[PDB]
Amino acid sequence: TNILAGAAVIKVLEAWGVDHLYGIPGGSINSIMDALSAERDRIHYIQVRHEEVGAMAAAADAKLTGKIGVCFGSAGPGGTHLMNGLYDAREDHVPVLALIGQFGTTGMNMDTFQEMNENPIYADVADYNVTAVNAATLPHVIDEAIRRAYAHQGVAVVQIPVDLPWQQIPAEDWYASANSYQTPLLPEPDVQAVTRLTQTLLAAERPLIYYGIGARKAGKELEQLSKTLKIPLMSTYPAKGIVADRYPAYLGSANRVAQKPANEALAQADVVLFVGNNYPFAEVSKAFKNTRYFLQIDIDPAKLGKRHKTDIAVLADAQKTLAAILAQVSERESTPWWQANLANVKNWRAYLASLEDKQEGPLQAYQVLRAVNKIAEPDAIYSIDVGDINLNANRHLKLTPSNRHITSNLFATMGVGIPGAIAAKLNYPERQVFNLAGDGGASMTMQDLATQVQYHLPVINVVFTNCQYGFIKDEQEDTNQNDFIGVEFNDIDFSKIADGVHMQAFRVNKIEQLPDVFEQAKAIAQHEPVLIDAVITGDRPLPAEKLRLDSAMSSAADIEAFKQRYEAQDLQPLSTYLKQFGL
Amino acid sequence: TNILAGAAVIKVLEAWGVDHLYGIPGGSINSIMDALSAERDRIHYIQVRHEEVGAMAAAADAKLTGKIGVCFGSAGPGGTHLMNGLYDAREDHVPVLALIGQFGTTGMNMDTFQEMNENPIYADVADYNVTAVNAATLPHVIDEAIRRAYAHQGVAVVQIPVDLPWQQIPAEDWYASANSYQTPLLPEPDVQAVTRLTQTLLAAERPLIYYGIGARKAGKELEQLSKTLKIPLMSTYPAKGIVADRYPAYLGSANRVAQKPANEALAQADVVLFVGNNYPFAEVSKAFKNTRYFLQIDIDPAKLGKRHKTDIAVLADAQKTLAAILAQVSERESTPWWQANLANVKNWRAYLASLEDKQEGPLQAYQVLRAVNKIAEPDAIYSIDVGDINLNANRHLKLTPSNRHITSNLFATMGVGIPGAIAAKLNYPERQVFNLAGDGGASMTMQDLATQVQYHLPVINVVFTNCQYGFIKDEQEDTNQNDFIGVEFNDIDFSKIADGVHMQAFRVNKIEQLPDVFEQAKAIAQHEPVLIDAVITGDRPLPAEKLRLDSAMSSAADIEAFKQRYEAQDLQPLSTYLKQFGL
Amino acid sequence: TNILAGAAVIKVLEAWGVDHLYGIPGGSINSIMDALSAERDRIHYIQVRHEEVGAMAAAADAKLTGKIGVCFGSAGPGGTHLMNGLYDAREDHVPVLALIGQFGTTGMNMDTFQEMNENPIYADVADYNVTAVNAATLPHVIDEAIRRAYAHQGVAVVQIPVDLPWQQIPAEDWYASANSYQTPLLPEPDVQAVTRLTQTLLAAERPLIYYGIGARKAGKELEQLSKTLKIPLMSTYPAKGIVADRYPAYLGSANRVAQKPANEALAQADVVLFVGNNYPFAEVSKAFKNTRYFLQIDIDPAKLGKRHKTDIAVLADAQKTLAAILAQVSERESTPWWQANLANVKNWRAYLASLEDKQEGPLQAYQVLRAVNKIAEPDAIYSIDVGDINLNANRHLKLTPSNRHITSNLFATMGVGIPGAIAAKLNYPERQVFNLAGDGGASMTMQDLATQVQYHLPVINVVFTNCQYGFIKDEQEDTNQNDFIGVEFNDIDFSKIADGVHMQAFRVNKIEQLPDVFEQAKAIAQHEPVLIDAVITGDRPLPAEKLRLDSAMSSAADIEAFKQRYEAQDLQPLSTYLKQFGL
Ligand SMILES: Cc1cc2nc3c(=O)[nH]c(=O)nc-3n(C[C@H](O)[C@H](O)[C@H](O)COP(=O)(O)OP(=O)(O)OC[C@H]3O[C@@H](n4cnc5c(N)ncnc54)[C@H](O)[C@@H]3O)c2cc1C
Ligand SMILES: Cc1cc2nc3c(=O)[nH]c(=O)nc-3n(C[C@H](O)[C@H](O)[C@H](O)COP(=O)(O)OP(=O)(O)OC[C@H]3O[C@@H](n4cnc5c(N)ncnc54)[C@H](O)[C@@H]3O)c2cc1C
Ligand SMILES: Cc1cc2nc3c(=O)[nH]c(=O)nc-3n(C[C@H](O)[C@H](O)[C@H](O)COP(=O)(O)OP(=O)(O)OC[C@H]3O[C@@H](n4cnc5c(N)ncnc54)[C@H](O)[C@@H]3O)c2cc1C
Ligand SMILES: CC1=C(CCOP(=O)(O)OP(=O)(O)O)S/C(=C(\C)O)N1Cc1cnc(C)nc1N
Ligand SMILES: CC1=C(CCOP(=O)(O)OP(=O)(O)O)S/C(=C(\C)O)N1Cc1cnc(C)nc1N
Ligand SMILES: CC1=C(CCOP(=O)(O)OP(=O)(O)O)S/C(=C(\C)O)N1Cc1cnc(C)nc1N
Ligand SMILES: [Mg+2]
Ligand SMILES: [Mg+2]
Ligand SMILES: [Mg+2]
């Protein structure tokens with residue numbers, strides 16, 4: 001007995017637990033479509049309006065769940081539209097399978113309609129990149145692609161000539177290897193190495209623990225190490241929320257999508273424990289230029305000593321290692337360094353609250369995010385686009401271990417807010433989901449607001465309309481000789497865009513309008529998507545990478561100007577607190 | 001004395017006559033931005049809302065004018081968004097320069113933010129693909145890119161580390177080679193070869209001349225050869241309009257974006273003169289399977305004998321060769337073959353008019369295109385998206401040599417309607433410009449309706465809203481076993497989308513609504529863009545590749561069903577006319 | 001009724017006039033081998049000992065005859081061994097077809113033995129690069145590859161799964177387009193532009209005509225223009241021989257594989273006519289820094305203004321353009337510039353003769369090449385390897401239009417001497433063929449001396465054994481601060497290598513041994529290959545790019561050291577001759 005090869009391919013996807021996949025049909029992929037059509041009860045096809053949104057959503061599925069995301073594109077332009085999401089998956093090292101339509105084998109290499117050698121298109125993005133040429137082996141090739149995407153934490157691409165999935169193959173020969181999949185059991189971190197790292201950390205005068213998302217399983221240990229040892233915590237931006245933002249010794253992140261206390265403390269630290277962290281600004285920003293000892297914990301040999309000359313680098317799991325450190329230490333009394341950092345954080349959080357707490361007047365991003373906080377459930381998921389929203393969300397969202405947030409961390413493709421939210425709601429239909437996006441990024445993927453409507457995905461979309469590429473405008477202010485260019489543009493009314501795709505929506509431009517609009521949105525999103533278009537000022541957010549508050553470091557005139565522009569009259573530099581506690 | 005390298009790069013663009021260019025800024029391209037900002041009087045930067053639209057518009061500039069189109073994208077995701085337009089330019093063999101942002105040379109290869117080796121990304125699409133590494137040679141590298149894009153009729157990509165354009169270079173050293181550019185003077189076609197081709201063509205019983213856009217300069221000669229010799233004309237779809245559609249012996253195009261008379265005549269012809277033609281369906285459709293002699297005229301040696309075994313292939317310019325044929329022939333009396341084809345065309349055009357001429361009821365694509373015809377100026381330009389609109393526009397638009405029409409001919413990327421119209425209006429601000437697009441394709445690039453508003457580009461946008469990927473639905477009807485999938489979707493109200501980007505718009509769903517809406521649109525578009533969202537039926541357009549009208553070829557039941565579905569009761573098969581005139 | 005697809009492929013090669021092709025069999029290409037075996041009376045397979053030699057020989061075939069060269073390699077390592085020859089073909093812009101074995105379609109993408117995705121391997125080198133997936137279209141794919149390689153003057157690569165050539169296909173369907181082949185049209189010169197060019201050339205005070213191999217059809221015109229107008233000639237190294245070396249106003253080539261008079265004159269010229277020339281050193285050596293007017297003639301628009309800004313650029317065939325110049329000028333009287341250059345050439349040639357004319361003592365390269373000249377037929381063909389031999393052969397070989405010489409002009413891969421001579425003897429069995437090679441380059445392809453023996457190809461191989469990479473040693477002398485490294489090595493006795501492959505051979509180390517050995521070799525090579533291993537001194541050949549003879553430019557100490565090292569006591573700088581004639 002026989003099975004169509006395409007039917008077998010869909011059963012391989014099912015065997016691996018793929019719940020949903022994204023794409024747009026075409027003749028060159030209609031035989032995979034045909035197989036999907038027969039399997040609607042067991043795999044859920046999501047028709048997007050642009051294939052980039054399918055690729056981005058597949059990446060987001062894997063970011064959220066750790067399960068492979070799946071997308072497809074038709075021959076030629078369908079597949080090339082996947083690129084921004086495939087590069088996101090590559091750079092954020094998450095498993096994605098991409099299927100690319102191709103002309104049948106009888107027409108390949110004939111220079112027929114929309115027929116090209118597609119393999120070179122995907123060679124750079126993909127861990128695995130093959131054109132299938134046989135029906136009987138096609139299930140194996142898909143299985144191989146999936147297994148490699150997982151093993152190698154990246155993108156597998158298969159170009160499929162459209163004739164193959166309509167061929168009959170023997171029913172009993174194909175298989176999936178999902179049944180073999182497992183995660184490794186690791187040795188203990190060695191006691192001796194943990195031990196010497198630990199002594200160096202404890203001997204420090206001005207220690208910091210600086211973690212990334214490799215420490216995602218270690219939030220409890222991080223906070224308890226911090227509290228017991230009196231060592232402040234800082235993180236990469238993506239690692240926000242691993243430790244609750246409310247934790248009083250959480251300094252935030254460094255560089256620009258950053259918080260003041262983290263930058264200031266890092267400049268003063270003598271020892272940094274760098275754990276589960278691949279911070280891409282380390283070298284270019286000279287982050288560690290005056291660090292005395294640099295200690296690392298990472299699971300990947302490729303990372304050991306990568307970002308700075310490392311005194312001790314432990315190849316181990318972050319949680320297991322941090323637990324092993326915790327088990328060999330005990331209480332230290334409060335130190336001046338601890339107290340100075342606590343005071344600095346309190347001052348900073350008072351500044352952010354002063355921005356949030358305005359009650360009337362021209363709307364700024366700060367109050368919009370306060371309004372999000374006010375309607376957010378404790379386990380909400382945030383899909384965040386790319387721009388000033390990363391900076392502002394990093395400062396204002398009040399996250400805990402129960403939340404998730406995703407963006408395009410390293411490729412930093414705009415437009416990911418909408419697709420990430422689609423994926424979040426598909427995976428977690430009982431959890432509240434936000435899409436927080438600037439106007440520039442929302443406009444790139446705006447058509448796929450219709451996908452939220454079509455699939456009844458109750459995302460709360462919040463568009464930050466400044467009529468700018470604000471993140472880039474501020475860069476031009478900093479570097480460009482000549483006038484601003486390409487960074488200020490006409491308005492788009494996203495409430496009207498929403499209406500056009502048949503989504504309920506609101507537009508607001510005044511602080512006092514927020515509470516009732518956000519309460520209405522919270523309620524609508526019990527059952528249907530909603531959009532809030534927040535018309536915000538062009539105020540530049542405080543640049544944590546260009547602080548002008550320390551009279552030993554900056555002129556009085558520069559400090560006065562900084563305080564004025566950034567509403568920062570009550571911020572004190574870290575040195576004030578260092579001095580207060582005798583450092 | 002010195003000049004900034006970026007300033008020199010902009011002067012190279014100016015030297016080559018580049019009027020306008022497209023892109024979105026980013027830090028990684030802010031030094032090119034800076035140079036553009038100082039040169040606003042002499043080069044016009046168009047800020048798009050998605051970089052794919054900039055790439056597509058650059059391709060369209062070159063399709064329209066023959067001048068190189070220019071676009072750019074920021075590092076990583078800005079550049080990868082260009083792909084669908086770059087592949088369009090490659091496949092439609094038009095010159096485009098693409099500039100890609102990159103991290104400064106001091107941070108390249110550090111694994112910093114959004115920093116990657118960008119060169120492999122563009123290797124497949126590009127004729128020329130380099131990463132610049134020196135400021136003093138950067139003007140030369142841009143000059144080289146332009147010169148190669150022209151010479152090789154394709155895409156040149158330059159990745160530019162952002163530090164280089166801010167470096168000073170000696171003022172007197174750089175140059176542009178635009179001053180050297182010229183077009184070749186060719187020899188005559190040889191008299192002997194033209195002569196033997198001509199005899200074979202004239203000896204035929206059932207000749208056809210089948211031209212593509214390589215014959216774009218030869219419309220006069222084509223029509224006069226046809227009339228003098230009594231030889232019907234057929235074309236590739238893109239070659240519509242080279243000879244006026246009204247010409248009574250213009251049969252149309254073959255395959256699917258096709259007209260009935262062309263398919264039918266081609267099946268019967270004994271000799272085809274294939275001129276300036278690279279029809280991609282030739283082999284797969286067995287177009288020439290019963291052609292006795294196949295004659296070719298083409299400028300490119302790579303094309304000689306490519307699509308079919310060729311009896312005589314003349315390497316020459318199409319116009320010069322067709323003129324040389326015309327100069328050696330004279331009047332032939334009407335033949336039965338001529339008369340049969342004339343009769344067949346009249347019957348077909350009566351069918352199309354019957355569809356157009358309905359006055360009331362549910363709106364179909366056919367009447368929308370009649371309404372376009374009624375408001376179109378004689379020299380209007382049409383940017384056409386990808387889908388059923390190619391099929392329907394091919395049949396219904398009444399073009400002459402004074403018109404232009406463009407689509408993505410071979411890559412066939414959806415979304416090109418909007419960008420092509422932007423480019424058309426930028427090049428030809430005094431000419432009427434239409435964007436004719438299906439709902440699927442319009443939705444992919446809908447955000448760049450805002451670019452038409454921002455730049456006050458008075459495009460007439462007509463969206464054909466069937467709530468389907470209709471072209472693909474019909475494919476699934478033809479090939480798929482299982483139910484339709486991914487081809488029927490929710491409505492988007494493009495009048496509301498238009499309102500959201502601050503464009504005047506209308507939505508219509510009834511035939512009787514068309515005249516006043518189209519008259520209003522015609523008037524608005526004297527000064528501002530406008531959009532008409534035409535809600536059309538799901539009726540399948542007649543498939544010229546699956547005709548069921550000939551009782552020697554098809555069952556009576558199949559013919560009855562075809563006539564019913566396609567409103568084709570009064571169409572006669574070509575064989576009726578052949579018989580009438582004694583063949 | 002049916003034909004094997006492999007048989008049809010070989011028939012395509014035969015239709016295109018392929019006489020011989022090179023490679024090494026493997027399982028992965030045994031079905032093409034089987035088809036070759038059946039066709040061995042009409043197409044001739046040459047089994048090489050290393051696939052690189054097959055690729056190099058294929059490139060040399062095309063360099064010599066203009067006929068596409070054909071090579072193949074087995075899957076994986078057979079094909080990757082082709083690379084140095086394929087890149088040679090790309091860079092020297094000659095047509096080559098390369099066939100690459102691949103696993104059968106049932107085993108592709110299974111990760112079986114020596115099975116990989118081969119398409120990305122060839123993407124950079126190839127103009128056309130496809131994996132065949134169907135037997136019936138395989139003849140067309142090969143035809144396409146050939147037609148493109150010719151039209152685009154580069155490499156076409158086809159990966160062939162081994163099952164396809166053993167499949168039956170319909171006998172009637174396949175064809176070759178060889179019948180339709182034509183070479184590109186030759187554009188014609190604009191008559192105004194040529195008149196303006198001529199005027200500028202004639203108004204020059206210190207003109208030069210500087211041609212490359214694009215002027216290979218124009219030697220008569222070049223020499224006559226030089227004589228009529230009293231304008232010296234210089235060329236690219238590859239263009240040596242287009243005008244006979246004995247012509248008294250031939251200055252030679254510039255840069256390093258160069259002759260003194262050319263460098264010196266170019267530095268003083270006010271007007272250069274740059275014809276059929278893509279000299280790669282133009283910019284980096286600042287060749288044209290002081291040139292007032294630059295006049296260019298080239299067929300390729302990609303070249304116009306490439307190497308320097310043009311004052312007049314003519315997109316036309318070199319011989320037609322030079323003929324048109326010649327036709328509008330008449331005899332001009334001698335000038336001071338003309339006489340100064342003639343005197344400089346005489347002085348230079350007397351130097352070279354002095355080196356050649358030694359009759360006893362330690363053997364130098366110079367006398368070896370004199371001995372070559374003494375046994376060389378007037379229509380001899382020289383295959384030249386890469387290193388000091390290019391420099392020395394350029395100075396000493398006495399070539400005329402009746403000769404050919406080839407090397408790897410631009411990629412400059414060592415090892416080409418032996419394959420180029422194989423190809424030359426295959427294409428020109430009645431012409432004398434030399435392989436002139438350094439010991440380093442001969443070593444790299446030494447095993448294919450056996451191929452000359454096996455096919456009874458009577459090449460005269462001359463190996464220049466200095467026990468050095470001499471060309472590179474001299475570079476280290478010029479740039480490196482530390483001691484020589486990697487450039488002096490142990491001896492290989494190539495007369496023993498030749499004995500090992502069963503080739504007659506001689507080793508010489510003294511000038512007085514040359515005449516008898518070379519006469520013996522001349523006679524042996526009436527019927528069989530022969531090798532002369534010339535043990536030469538480590539003397540550095542005079543560096544034409546670092547002249548130290550002009551006491552206005554150089555210290556007496558540096559002049560005296562140069563004269564002593566290079567036996568150049570009788571050389572005078574061009575300024576001596578300029579001054580004699582009042583310049
Ligand atoms: C517009 C924008 C601007 C940005 N700018 C900033 C900025 O100013 N500041 C900032 O902080 N970020 C910024 N980012 C994000 C930044 O680009 C990097 O993605 C981020 O800093 C790196 O975070 P990470 O190290 O947590 O994650 P990753 O780069 O994913 O690294 C995770 C590390 O954990 C290790 N690992 C994984 N699992 C384990 C385990 N079980 N045990 C141990 N180790 C493990 C990995 O091997 C790896 O080294 C920005 C993002 C955007 C969108
Ligand atoms: C959705 C969609 C469906 C389509 N399906 C169809 C269809 O059913 N039917 C159809 O006809 N098209 C169809 N097309 C277009 C099709 O893909 C090809 O692009 C088109 O048929 C080729 O047209 P062409 O030969 O005129 O142009 P090109 O492919 O650009 O070829 C031009 C030829 O002219 C030669 N040339 C150039 N200049 C000269 C000169 N001066 N003198 C002589 N020769 C010269 C070139 O060398 C080349 O061979 C479709 C397009 C779309 C978007
Ligand atoms: C070890 C080594 C060192 C070398 N160093 C030197 C050196 O010091 N000096 C030196 O001179 N060379 C040197 N070379 C060779 C050098 O690398 C270049 O290959 C050579 O200078 C370029 O020669 P060309 O312009 O004649 O050929 P090409 O680069 O092949 O250019 C031919 C030109 O002719 C044009 N053309 C073709 N047909 C026509 C036509 N019908 N009419 C008009 N134009 C036409 C083409 O478009 C092209 O621009 C060296 C080679 C080796 C192996
Ligand atoms: C234009 C832009 C950005 C502007 C985003 O504008 P938004 O309007 O979305 O956000 P805001 O800052 O105004 O709130 S940020 C980004 C950097 C971080 O890479 N770039 C460059 C960029 C350009 N194009 C794409 C597709 N993705 C990108 N990341
Ligand atoms: C989905 C689709 C098409 C549907 C277009 O839907 P539209 O709604 O735009 O048009 P209509 O037919 O309903 O009037 S046509 C096309 C073929 C010709 O390639 N494809 C495949 C396709 C898929 N994705 C992109 C970006 N471009 C493509 N060409
Ligand atoms: C090693 C070397 C050269 C040394 C050649 O040594 P030879 O011993 O052959 O010649 P000679 O100079 O001693 O007479 S020249 C060359 C340059 C021109 O590229 N290179 C670099 C080189 C290195 N490797 C290969 C395969 N090809 C090359 N061209
Ligand atoms: Mg914005
Ligand atoms: Mg549609
Ligand atoms: Mg040597």
Side-chain angles (χ1 to χ4, degrees), chain A residues 84 365 385-392 408 411-415 417 437-444 464-475 486-487 536, chain B residues 24-29 50-51 73-81 101 113-114, chain C residues 91-93 186 211-218 235-240 253-258 262 275-281 285 297-300 302-303 306 316-321 384-391 394 407-413 438-442 464-471 473 489 536 544-545:
Chain A
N84 279 49
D385 215 290
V386 167
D388 281 343
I389 192 55
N390 304 105
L391 185 161
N392 289 321
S408 176
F411 193 62
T413 183
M414 292 166 64
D439 49 0
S443 81
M444 286 181 178
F464 289 70
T465 289
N466 49 17
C467 298
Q468 301 173 340
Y469 298 127
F471 202 74
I472 307 310
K473 177 176 177 284
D474 293 337
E475 292 170 6
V487 296
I536 60 161
Chain B
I24 292 174
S28 63
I29 197 148
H50 187 299
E51 302 87 345
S74 62
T80 53
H81 264 175
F113 177 78
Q114 194 184 253
Chain C
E91 296 299 314
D92 280 11
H93 55 77
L186 296 176
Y211 59 94
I213 66 174
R216 66 179 75 192
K217 292 189 54 250
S235 74
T236 67
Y237 152 55
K240 179 183 173 70
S253 60
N255 189 54
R256 182 182 184 197
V257 176
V275 185
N277 195 329
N278 196 36
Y279 186 55
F281 301 100
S285 72
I297 304 162
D298 206 286
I299 205 159
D300 181 0
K303 306 285 193 297
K306 175 171 178 48
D317 178 67
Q319 182 186 26
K320 292 180 181 302
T321 306
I384 304 177
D385 215 286
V386 168
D388 280 346
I389 190 56
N390 306 106
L391 186 165
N394 185 48
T407 192
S408 178
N409 291 346
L410 184 62
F411 192 61
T413 184
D439 49 359
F464 293 69
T465 292
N466 48 18
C467 297
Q468 301 172 338
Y469 295 126
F471 203 74
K473 180 176 175 287
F489 52 66
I536 59 161
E545 76 288 5

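Convention: sequence-line order gives letters A, B, ...; per-chain numbering from 1. All ligand and atom numbering here is 1-based and tracks the order in the structure.
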Geometric cation-pi criterion C:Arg256 and C:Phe281, 6.0 Å radius, 45° cone:
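Cation-pi check for C:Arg256 and C:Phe281: fails.
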
Any sub-3.5 Å donor-acceptor pair from [X]'s side-chain atoms to [Y]'s backbone N or O?
{"X": "C:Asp92", "Y": "C:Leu410", "answer": "yes"}
{"X": "A:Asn392", "Y": "A:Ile389", "answer": "no"}
{"X": "A:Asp385", "Y": "A:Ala437", "answer": "no"}
{"X": "C:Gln319", "Y": "C:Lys217", "answer": "yes"}
{"X": "B:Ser28", "Y": "B:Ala75", "answer": "yes"}

Decide if atom NZ of C:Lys473 counts as having more than 12 heavy atoms of other residues, nucleotides or ligands within a radius under 6.0 Å.
yes

In the structure I gave you, are the side-chain heavy atoms of [X] and [Y] within less than 4.5 Å of one another anywhere?
{"X": "C:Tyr237", "Y": "C:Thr407", "result": "yes"}
{"X": "C:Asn278", "Y": "C:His93", "result": "no"}
{"X": "C:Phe489", "Y": "C:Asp439", "result": "yes"}

From the options [options], select the one whose nearest heavy atom is closest to [atom].
{"atom": "atom 8 (O) of ligand 3", "options": "C:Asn277, C:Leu186, C:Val257", "answer": "C:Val257"}
{"atom": "atom 20 (C) of ligand 3", "options": "C:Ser285, C:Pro238, C:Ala239", "answer": "C:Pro238"}
{"atom": "atom 44 (N) of ligand 3", "options": "C:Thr407, C:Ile299, C:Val386", "answer": "C:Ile299"}
{"atom": "atom 5 (N) of ligand 3", "options": "C:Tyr237, C:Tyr211, C:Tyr279, C:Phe281", "answer": "C:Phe281"}
{"atom": "atom 41 (N) of ligand 3", "options": "C:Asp317, C:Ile384, C:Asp388", "answer": "C:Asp317"}

Ligand 3 atoms in contact with [X] (distance to a heavy atom under 4.0 Å):
{"X": "C:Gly212", "value": "26 (O)"}
{"X": "C:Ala316", "value": "42 (N), 43 (C)"}
{"X": "C:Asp300", "value": "47 (O)"}
{"X": "C:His93", "value": "28 (P), 30 (O)"}
{"X": "C:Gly276", "value": "32 (C), 33 (C), 34 (O), 35 (C), 44 (N)"}
{"X": "C:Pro280", "value": "16 (C), 17 (O), 18 (C), 20 (C), 21 (O), 22 (C)"}
{"X": "C:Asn278", "value": "25 (O), 29 (O), 31 (O), 49 (O)"}
{"X": "C:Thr236", "value": "11 (O), 21 (O), 23 (O), 24 (P), 25 (O), 26 (O)"}

Tabulated below should be the N or O atoms of ligand 4 paired with protein N or O atoms at under 3.5 Å; can you produce that?
from     : atom 1 : to       : atom 2 : distance (Å)
ligand 4 : 8 (O)  : A:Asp439 : OD1    : 2.8
ligand 4 : 8 (O)  : A:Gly440 : N      : 2.9
ligand 4 : 8 (O)  : A:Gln468 : O      : 2.9
ligand 4 : 9 (O)  : A:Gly440 : N      : 3.3
ligand 4 : 9 (O)  : A:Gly441 : N      : 2.9
ligand 4 : 12 (O) : A:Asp388 : N      : 2.9
ligand 4 : 12 (O) : A:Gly470 : N      : 3.3
ligand 4 : 12 (O) : A:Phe471 : N      : 2.9
ligand 4 : 13 (O) : A:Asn466 : OD1    : 3.2
ligand 4 : 13 (O) : A:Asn466 : ND2    : 2.9
ligand 4 : 13 (O) : A:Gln468 : O      : 2.9
ligand 4 : 13 (O) : A:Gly470 : N      : 2.8
ligand 4 : 19 (O) : B:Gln114 : OE1    : 3.3
ligand 4 : 24 (N) : B:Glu51  : OE2    : 2.6
ligand 4 : 27 (N) : A:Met414 : N      : 3.3
ligand 4 : 29 (N) : A:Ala412 : O      : 2.7

May I ask whether C:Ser408 places a heavy atom under 4.0 Å from ligand 3?
yes

Tell me, please: is C:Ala218 in heavy-atom contact with ligand 3, that is, under 4.0 Å?
no

Report the residues that fulfil side chain to side chain contact (heavy atoms under 4.5 Å, CB included) with C:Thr413, sequence neighbours left out, ordered by chain and then residue number.
C:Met56, C:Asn84, C:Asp88, C:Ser408, C:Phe411, C:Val416

Side chain, backbone, both or neither: the part of C:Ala215 lying under 4.0 Å from ligand 3 by heavy atom
neither

Under the salt bridge (charged side-chain N to carboxylate O under 4.0 Å, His left out) test, residues paired with C:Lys303 that sit two or more places apart:
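C:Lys303: salt bridge (charged side-chain N to carboxylate O under 4.0 Å, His left out) contacts with C:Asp300.
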
One checks the Mg ion (ligand 9) and counts protein N, O or S atoms under 2.8 Å, reaching 3

